[PDB]
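Now for the letters of each chain:
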Number of protein chains: 2
Amino acid sequence: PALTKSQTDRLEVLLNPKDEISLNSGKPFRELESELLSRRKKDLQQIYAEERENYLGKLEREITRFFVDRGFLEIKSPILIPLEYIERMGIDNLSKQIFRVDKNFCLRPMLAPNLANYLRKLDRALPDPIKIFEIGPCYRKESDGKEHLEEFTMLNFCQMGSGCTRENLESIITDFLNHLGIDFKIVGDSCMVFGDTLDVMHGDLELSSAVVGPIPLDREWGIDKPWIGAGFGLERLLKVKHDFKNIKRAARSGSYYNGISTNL
Amino acid sequence: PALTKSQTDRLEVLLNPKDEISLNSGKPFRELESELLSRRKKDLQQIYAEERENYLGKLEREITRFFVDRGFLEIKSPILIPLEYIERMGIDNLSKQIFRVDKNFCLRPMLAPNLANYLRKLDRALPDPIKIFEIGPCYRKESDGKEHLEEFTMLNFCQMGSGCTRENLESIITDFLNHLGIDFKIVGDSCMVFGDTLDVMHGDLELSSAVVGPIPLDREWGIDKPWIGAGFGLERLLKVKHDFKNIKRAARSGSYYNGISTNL
Ligand SMILES: Nc1ncnc2c1ncn2[C@@H]1O[C@H](COP(=O)(O)OP(=O)(O)OP(=O)(O)O)[C@@H](O)[C@H]1O
Ligand SMILES: Nc1ncnc2c1ncn2[C@@H]1O[C@H](COP(=O)(O)OP(=O)(O)OP(=O)(O)O)[C@@H](O)[C@H]1O
Ligand SMILES: N[C@@H](CCCCNC(=O)OC[C@@H]1[C@@H]2CCC#CCC[C@@H]21)C(=O)O
Ligand SMILES: N[C@@H](CCCCNC(=O)OC[C@@H]1[C@@H]2CCC#CCC[C@@H]21)C(=O)O
Ligand SMILES: [K+]
Ligand SMILES: [K+]
Ligand SMILES: [K+]
Ligand SMILES: [K+]
Ligand SMILES: [K+]
Ligand SMILES: [K+]
Ligand SMILES: [Mg+2]
Ligand SMILES: [Mg+2]
Ligand SMILES: [Mg+2]
Ligand SMILES: [Mg+2]
Ligand SMILES: [Mg+2]
Ligand SMILES: [Mg+2]
């Protein structure tokens, strides 16, 4: 007969983009579920036998090699940060998205404040230009949606000193996304923290916001040179690469492994 | 003359294990500081020119390759977890160490609960034995000490099914630490969560606690087979490898890069 909402939801959990299965063909739920369970067990068995790498971990390692090889220093900075960094970033109290931790701390919603501190400090020791990047967890309270996670993974690369032009920023973005095989376009947008941005779009999906400094916020962080930077969501990159319907397939999760349901 | 406490503290920040500099030789602070600042700038310039990899990131990648190559599946699970996982792990309220997040959540203090869930789920799809591991951030409130961080990085590997003997557990630990070049011994200890442990010691420094199941806690997590597992702190491994005096040299930080002060 007809599938209930609970039944369709279960089949959607077990369905993957490579499948060609109609959920509403009239085939009974029991047979659709059994077929998809067999395909997903086979998929996980193949990963276990032949690959064994996590998609988020593997992508982080691929991105790390790209930027290290192009002269950027790899940064690993705190995830648990002072709440004061939030007001100083100019987040007047979307401040409602912040996860607070025991009074004076929060989970970082972006990598920029820690990277600003590193640019300032490293400019006292390293030759021009200063090039650094970080990949790691960031946290925002979000409405339920197909493109948002409350725990996600950011890449932010940035440069300070010479070479900090719009054309060089766009060239790095182009080489990076060409390396990953992802088509894109650049559109102007704006945001409360940085002002005008160059948004990197794949269709209607925002992969990145990028910024050409200086901006007035620089003084609050001791930044006094030209700079460029861009932030990318790794789970959004994986969603494009693997054609996932929902970004949850790509997230840190106990519910999916490399986009395969773990409820088998 | 004589160095103040503030002056000695500044020189200790700038000193590295490879140096052979006496702080109390009678040389004036100004010359000791200038010498150490020049050495550390040179050190950071060399990293920027020739390596560019972060010690924590590089060690995570080295460990990941070791375990993937030995048949363990790489896991990346949530860092922000339900507070309920804490009581169910048998942490009666050292429960005082937990960082709480907005009422019903906390920062994970260990990887075991998420890995227990993965062992249970994967046993329905994968062949015996189930071998998995994770590396990532964990969080504990700690007293100030030379061997503790409030934000640290755990490795936990584990196995469920056949082969889950004390001798196989000790053999994996031995191959792993032999790969890293770190000498150790095994001593019995106990802990509130798991009961008897095999503690992996380098001198008086605990590198790991390891456990041979089953244990009574298994029922609360749906675990019903023999299992073995071990948890290691990556910053403690780096402290041994690089002979750091304080584990802070090894931590996620804005204050040190690969053990070199960023306050230059
Ligand atoms: N909640 C989230 N989940 C997953 N990825 C995210 C999330 N928030 C931001 N990102 C990713 O981080 C990048 C940089 O963050 P930025 O602050 O520019 O996001 P944003 O402008 O708020 O994005 P959106 O408008 O889609 O909410 C984004 O372009 C996106 O790729
Ligand atoms: N606060 C911390 N900072 C750095 N590493 C830690 C910390 N807590 C635990 N570890 C590392 O994680 C491993 C497994 O955690 P476990 O719960 O066994 O620690 P523990 O027994 O509390 O250690 P300790 O007795 O030194 O506090 C430890 O053997 C150690 O290598
Ligand atoms: N997450 C962002 C992605 C954009 C990247 C911009 N930031 C950097 O690249 O790093 C340091 C520069 C400069 C220092 C003076 C200040 C300040 C804040 C940091 C900024 C978003 O569009 O939301
Ligand atoms: N951090 C630890 C390191 C010891 C590792 C043991 N844990 C695992 O290896 O993983 C899953 C097994 C089994 C499931 C039934 C239960 C439960 C909790 C998880 C446990 C410490 O000694 O503090
Ligand atoms: K499909
Ligand atoms: K998550
Ligand atoms: K996952
Ligand atoms: K020394
Ligand atoms: K830290
Ligand atoms: K560091
Ligand atoms: Mg947003
Ligand atoms: Mg946007
Ligand atoms: Mg944006
Ligand atoms: Mg302890
Ligand atoms: Mg102990
Ligand atoms: Mg222990």
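How each quantity is defined
- Residues numbered from 1 in each chain as written, not as in the entry; some residues may be left out.
- Chains lettered and ligands numbered in written order.
- Heavy atoms only, no water.
- UniProt positions renumbered as here; feature names shortened; annotations may be inferred.
- 1 Å grid on protein atoms, 1.4 Å probe; cavity = no way out; pocket = protein on both sides within 12 Å on 5 of 7 lines; lining within 4 Å.
- Points joined across faces, edges and corners; volume = space filled by probe spheres on them.
- Helix = DSSP H or I, 4+ residues; strand = E, 2+ residues; numbered from the N terminus.
- Nonpolar A, V, L, I, M, F, W, Y, C, P; charged D, E, K, R; others polar.
- Buried < 20%, exposed > 50% of the residue type's maximum accessible area, 1.4 Å probe, protein only.
- Contact = heavy atoms within 4.5 Å.
- Polar contact = N/O pair within 3.5 Å; in protein donor to acceptor, adjacent residues only side chain to side chain.
- Buried area = accessible area lost by both parts, 1.4 Å probe.
- Salt bridge = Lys/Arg side-chain N within 4 Å of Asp/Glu carboxyl O.
- Pairing = 2+ DSSP bridges.
- Axes fitted to C-alpha atoms, helices over the stretch in contact; angles between N-to-C directions.

Looking at the PDB entry, chain A carries the name Pyrrolysine--tRNA ligase, with the source organism given as Methanosarcina mazei JCM 9314. What UniProt states about chain A under its Subcellular location heading is, verbatim, "Cytoplasm".

Student: Would you explain empty space enclosed by the protein in this entry?
Tutor: To find leftover empty space, one rolls a probe the size of a water molecule over the atoms. Approximately 140 Å³ is the volume found for the largest cavity. Forming the walls of the largest cavity are 16 residues, and the residues nearest its centre are A:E60, A:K76, B:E60, B:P137 and B:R252. Of all the secondary-structure elements, those providing two or more residues to the lining of the largest cavity are β5 (130-139) of chain A together with α3 (55-69) and β5 (130-139) of chain B. For the lining of the largest cavity, the class distribution of residues is six nonpolar, four polar and six charged.

Student: Before we go on, may I ask you to explain the environment of B:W227 in this structure?
Tutor: All names here are of chain B. Structurally, the position occupied by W227 is in strand β10 (residues 227-233). On the basis of relative accessibility, which here comes to 10%, the residue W227 falls in the buried class. Sequence separation between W227 and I260 is 33 residues, and the spatial gap between their C-alpha atoms is 41 Å. Excluding its chain neighbours within four sequence positions, the residues that come into contact with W227 are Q159, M160, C164, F194, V211, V212, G213, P214, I215 and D218. In this structure the side chain of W227 is engaged in a polar contact, spanning 3.0 Å, whose partner is the side chain of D218.

Student: I'm lost on the interface of chain B and chain A in this one. Help?
Tutor: Reports often express the size of an interface as the amount of accessible area lost when the parts come together. Contacts between chain B and chain A engage 54 residues on the former and 54 residues on the latter. Where chain B abuts chain A, roughly 4800 Å² becomes buried across the two surfaces, and 57% of that area is made up of carbon and sulfur atoms. Of all residues in chain B, the largest losses of buried area upon contact with chain A belong to B:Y48, B:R52 and B:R252, amounting jointly to 15% of the total for that side. Our enumeration of links across chain B and chain A arrives at eight salt bridges. A salt bridge links B:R252 to A:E134; the shortest N-O distance between them is 3.9 Å. Here chain B is connected to chain A by 30 residue pairs in polar contact. Mapped onto the side of chain B that touches chain A, the elements with two or more residues apiece are α2 (29-50), α3, β1 (73-75), β3 (100-101), α5 (112-122), β5 and β11 (256-257) of chain B.

Student: Just to check I follow, could you spell out the sheet that holds strand β6 (residues 151-160) of chain B for this structure?
Tutor: Strand pairing in a sheet relies on backbone hydrogen bonds, with the paired strands running either antiparallel or parallel. Residue and element names in this part refer to chain B. Taken in spatial order, the seven strands make up an open sheet running β1-β5-β6-β10-β9-β8-β7, and their pairing is mixed. What marks the edges here is a single partner per strand, and that holds for β1 and β7 (185-191). Between one strand axis and the next, the sheet turns through 25° on average, direction left out of account. Across three bridges, β1 lies against β5 in parallel orientation. Note that in β5 the partner of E74 across the bridge is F133. This element, α3, spans β1, β5 and β6 of the sheet and lies at about 165° to β5.

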